[PDB]
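The structure under discussion appears below in the form of structure tokens.
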Amino acid sequence: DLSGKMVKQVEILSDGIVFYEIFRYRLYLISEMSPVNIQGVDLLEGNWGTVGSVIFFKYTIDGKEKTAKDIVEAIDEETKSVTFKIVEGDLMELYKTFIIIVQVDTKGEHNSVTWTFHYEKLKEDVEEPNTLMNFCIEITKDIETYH
Ligand SMILES: [Cl-]
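With the authors' numbering, the residue at position 116 of the sequence shown is 117, and numbering never jumps.
Set out below in structure tokens:
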């Protein structure tokens with residue numbers, strides 16, 4: 002009832018493996034590649050690119066500054082998939098739980114990035130995270146055009 006599901010897949014003209022490795026290993030590169038959207042990525046715990054690593058994001062949605070604390074819950078090297086779990090931040094004001102999965106198709110001539118949100122809302126009249134999805138899409142376009 003309160004749980005929901007959001008998926009968006011976009012093609013990328015950039016290299017799919019590079020794109021995947023950024024989200025696994027090199028989140029820190031994101032803030033230079035999309036400075037409007039993300040001001041900073043801090044590794045709070047663990048090593049970059051491992052399940053259990055904990056991370057702090059400073060970002061801006063609709064020109065309003067926000068922060069998130071994520072744990073990497075799963076990684077699958079075969080499908081090139083990284084799962085992030087939000088445990089603190091502004092989104093936890095609206096949603097009880099929120100998961101984000103980035104999964105990158107690389108084996109084919111056309112490469113794509115798929116984004117999947119799995120969430121549970123605190124109340125029925127909480128909005129769908131469309132603003133969060135467009136934002137992930139903007140980021141993907143920036144990484145893609147960075148070269
Ligand atoms: Cl790992």
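No residue lacks a Cβ here, since even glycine has one placed at the ideal position from N, Cα and C.
- If only uninterrupted beta strand (DSSP E) runs of at least 3 residues are considered, those enclosed by the region 30-65 are 39-46, 55-62.
- Residue side-chain check: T51 places its Cβ nearer than 6 Å to a non-hydrogen atom of ligand 1.
- In the structure shown, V127 adopts coil according to DSSP, grouped into three states.
- Counted as a single uninterrupted DSSP element, the stretch harbouring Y120 is not any alpha helix (DSSP H) but the beta strand (DSSP E) occupying residues 112-122.
- DSSP places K9 in the strand class (E or B) of the three-state scheme.
- DSSP lists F57, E89 as the beta-bridge partner residues of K70.
- Across the set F85, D63, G109, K81, the C-alpha of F85 shows the shortest separation from the C-alpha of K70.
- In the DSSP annotation of this structure, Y26 is not part of any beta strand (DSSP E), being labelled neither H nor E.
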